[PDB]
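Report on the following structure.
A, B, ... follow the sequence lines: proteins, then strands. Residue 1 opens every chain. Heavy-atom basis, side chains included; hydrogens, waters and symmetry copies ignored.
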2 protein chains.
Amino acid sequence: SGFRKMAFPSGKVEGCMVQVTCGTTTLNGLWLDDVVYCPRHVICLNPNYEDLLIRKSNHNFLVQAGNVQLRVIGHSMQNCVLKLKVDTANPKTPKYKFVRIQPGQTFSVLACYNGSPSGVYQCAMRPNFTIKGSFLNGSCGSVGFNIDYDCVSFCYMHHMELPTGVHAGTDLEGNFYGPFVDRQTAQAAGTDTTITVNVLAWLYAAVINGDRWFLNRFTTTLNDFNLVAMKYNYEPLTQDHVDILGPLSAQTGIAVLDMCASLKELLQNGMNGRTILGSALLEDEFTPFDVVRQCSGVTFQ
Amino acid sequence: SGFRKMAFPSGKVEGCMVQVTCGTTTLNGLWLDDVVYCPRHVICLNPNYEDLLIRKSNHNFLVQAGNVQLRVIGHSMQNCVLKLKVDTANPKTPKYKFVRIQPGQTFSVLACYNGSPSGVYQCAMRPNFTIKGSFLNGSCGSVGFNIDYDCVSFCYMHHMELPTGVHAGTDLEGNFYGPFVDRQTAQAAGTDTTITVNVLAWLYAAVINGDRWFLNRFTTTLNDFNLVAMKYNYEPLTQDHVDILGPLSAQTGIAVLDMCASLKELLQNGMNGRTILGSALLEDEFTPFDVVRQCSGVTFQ
Ligand SMILES: *[C@@H](CC(=O)OCC)[C@H](C[C@@H]1CCNC1=O)NC(=O)[C@H](CC(C)C)NC(=O)[C@@H](NC(=O)OCc1ccccc1)[C@@H](C)OC(C)(C)C
Ligand SMILES: *[C@@H](CC(=O)OCC)[C@H](C[C@@H]1CCNC1=O)NC(=O)[C@H](CC(C)C)NC(=O)[C@@H](NC(=O)OCc1ccccc1)[C@@H](C)OC(C)(C)C
């Protein structure tokens with residue numbers, strides 16, 4: 001037992017991480033098969049990458065996997081991502097997919113500098129298409145991922161920080177999450193919201209781990225729950241979020257609307273100085289799947 | 001910028017993780033060089049391992065690294081750890097040390113089942129020689145580690161859970177942290193304490209990341225700070241903990257006793273519903289070194 005902020009093992013991703021320099025500008029790339037993927041920002045207020053890209057040649061790109069230099073035999077741009085075709089297929093290429101995720105979904109970040117992995121942590125795509133990361137100068141090209149079965153689902157590539165100390169990036173087809181651009185013109189995320197379905201998933205993790213004080217005798221309708229939830233800046237709970245909470249409901253024998261009723265009381269009356277899984281806030285960066293993986297799914301590894 | 005619960009990349013450790021079965025009892029082992037290390041519990045209320053061990057032979061031990069079977073050519077016991085000598089030196093053996101850590105120090109856990117890595121999270125050795133982990137049936141032989149430079153410092157091997165949903169384990173010489181034994185006789189951890197020096201390290205991370213509301217004009221002596229801290233179940237701050245807070249003090253230009261003064265006000269007056277780095281509790285599972293690594297040290301990777 002126990003409940004931690006658990007990331008996926010990073011090894012399969014560490015084997016794909018390389019350094020990409022265009023002239024003397026350096027950041028991280030992802031080396032899968034023939035191709036290295038990195039932010040197009042490497043080739044540079046309001047730049048015209050289309051032209052900067054064509055004005056470049058394959059000798060303007062130095063890619064190193066540790067010691068070894070990868071010979072760049074072509075370069076192409078797709079959205080905000082650069083793709084460099086190289087002589088060599090990465091022999092440590094795992095099984096993988098490029099996946100575009102929805103707000104509320106979680107993933108692991110391997111933070112990289114100079115093409116070398118320095119750390120792992122768990123993130124959520126926030127409702128405002130931001131992530132709350134930890135990224136410094138040189139982190140761009142760091143990727144987010146889930147390990148779906150034997151298979152790395154890459155969902156995020158790091159591009160920038162906004163003034164609130166929050167972070168923005170693309171899918172691996174180089175399309176931004178949310179309304180952001182890879183240029184240093186004033187942009188802002190706008191107000192975030194709490195991920196209702198993830199908080200309920202985490203009250204279910206708390207019960208599974210024997211933290212039960214917050215449970216009550218009451219029930220609620222979906223509309224009476226949302227009427228309270230949206231006052232406290234929580235996303236409305238949708239029938240579909242009730243649906244995917246079904247398996248955690250059956251395991252615990254606590255009906256989703258009864259957990260809603262317990263959540264409603266917590267929001268109106270606070271914690272009374274008590275904690276839930278060693279937290280004084282309701283946590284919203286665990287999904288239903290995250291709870292089932294950590295609390296049991298993990299033993300079949 | 002940003003501050004997350006950051007683990008070390010797990011790849012170097014994933015390359016050492018193997019499955020160890022003695023007859024039909026299965027758990028995780030650590031494959032470094034000639035040797036696989038695992039809990040002696042694999043060879044089994046109050047067992048006599050010395051005898052159970054001798055009554056065993058090298059064909060009673062099946063070790064698999066993925067597909068490949070490792071031929072066991074000898075077995076030996078050191079404290080609570082089994083060491084199996086094998087035909088083959090692990091070709092993915094990283095540079096490593098066995099290190100015994102002190103309460104307050106943090107490390108990364110690679111949680112393993114069936115010899116396969118399933119997750120990574122960050123832990124602290126608690127003052128009561130417990131860790132707050134996430135471990136199920138089959139997790140034993142999962143290791144804790146720091147990556148000190150190029151070098152994996154292995155500090156923990158998982159052995160058991162106590163009734164409070166907390167966890168106990170050994171160094172890699174198989175000596176327990178704290179007063180615990182690898183037998184299913186009633187043991188208990190006893191009351192824990194808050195790691196004063198880590199909380200101050202994390203108020204320094206908060207300032208570095210521009211979270212500054214809690215700072216005040218006041219100062220305090222060490223004794224007046226401890227007089228308040230120990231009321232709230234915090235370890236007394238020692239001159240030596242003031243010492244290792246020096247580099248974070250100079251970087252932020254906030255004197256350690258001024259941060260102490262700010263901590264004293266937080267403990268006496270609470271948060272007023274405000275948060276610090278998105279937390280409503282003072283966090284004590286970041287050390288001084290952890291703050292410097294995440295906030296800057298990481299870019300030299
Ligand atoms: C990755 C770049 C890299 O590795 O390249 C080295 C060659 C970094 C990651 C940033 C660094 C700081 N923390 C991170 O996560 N990315 C960048 O530096 C971005 C470059 C591209 C956008 C070209 N720039 C920023 O992230 C920038 N944000 C920004 O300017 O955009 C919005 C904006 C808001 C107000 C005013 C103007 C623009 C950062 C560095 O700027 C701050 C002030 C928001 C921190
Ligand atoms: C690792 C064993 C493994 O993988 O072997 C498979 C062959 C597990 C890890 C535990 C499982 C549950 N969560 C964990 O972290 N280790 C064990 O099962 C321990 C075996 C050795 C001690 C022989 N047993 C326990 O952890 C046990 N604790 C315990 O009995 O010790 C103190 C005690 C307290 C009260 C009464 C008697 C003894 C757990 C399983 O028992 C509970 C009730 C404390 C959960």
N209(B) side chain to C295(B) main-chain N or O, any donor-acceptor pair under 3.5 Å?
no
Within the distance-only criterion (no hydrogens, no angle test), does the side chain of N28(B) pair as donor or acceptor with the backbone N or O of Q19(B) below 3.5 angstrom?
no
Among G115(A), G2(A), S134(A), the residue with the most heavy-atom pairs under 4.5 Å to chain B is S134(A)
Min side-chain heavy-atom separation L266(A)-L203(A) under 4.5 Å
yes
Using only atom types and a distance under 3.5 Å, with no angle test, would you say the side chain of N128(B) pairs donor to acceptor with the backbone of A189(B)?
no
Looking at side-chain heavy atoms only, is the closest gap between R4(A) and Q122(B) below 4.5 Å?
no
Do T170(A) and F180(A) have side-chain heavy atoms sitting under 4.5 Å apart?
no
Is any residue of residues 280-294 of chain B within less than 4.5 Å of chain A by heavy atoms, and which ones?
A280(B), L281(B), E285(B), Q294(B)
Using heavy atoms and a sub-4.5 Å threshold, report which of residues 103-113 of chain B line up against chain A, by residue number.
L110(B), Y113(B)
With chain B, which of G165(A), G138(A), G133(A), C123(A) has the greatest number of heavy-atom pairs at distances under 4.5 Å?
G133(A)
With a 4.5 Å heavy-atom cut-off, do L248(B) and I208(B) have their side chains touching?
yes
Quick check: closest heavy atoms across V18(B) and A65(B), and the distance to 0.1 Å?
CG1-CB, 3.7 Å
Highest number of heavy-atom pairs under 4.5 Å with chain B among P117(A), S139(A), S1(A), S116(A) belongs to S1(A)
Do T194(B) and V199(B) make a side-chain contact, defined as non-hydrogen atoms from C-beta onward lying under 4.5 Å apart?
yes
Chain B-proximal positions within residues 6-15 of chain A [heavy-atom distance under 4.5 Å]
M6(A), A7(A), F8(A), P9(A), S10(A), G11(A), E14(A)
Go through the steps for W31(B) and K92(B) under the test side-chain contact (heavy atoms from CB on, under 4.5 Å), then give the verdict.
CA-CA 9 Å; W31(B) 184 30; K92(B) 306 183 169 178; over 6 Å; no
Any donor-acceptor pair under 3.5 Å from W213(A) side chain to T275(A) backbone
yes
Are the side chains of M17(A) and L30(A) in contact, using a 4.5 Å heavy-atom criterion?
yes
Please list, in residue-number order, every residue in residues 152-163 of chain B that has a heavy atom less than 4.5 Å from any heavy atom of chain A; write 'none' if there are none.
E161(B)
Within a strict 4.5 Å, meaning less than it, do heavy atoms of the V228(A) and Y234(A) side chains meet?
no
If I measure from the heavy atoms of chain B, does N137(A) come under 4.5 Å with its side chain, its backbone, both, or neither?
backbone
Is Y204(A) reaching over with its side chain to a backbone N or O of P247(A), donor-acceptor style, under 3.5 angstrom?
no
Taking side chain as C-beta onward, heavy atoms only, is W202(A) less than 4.5 Å from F3(A)?
yes
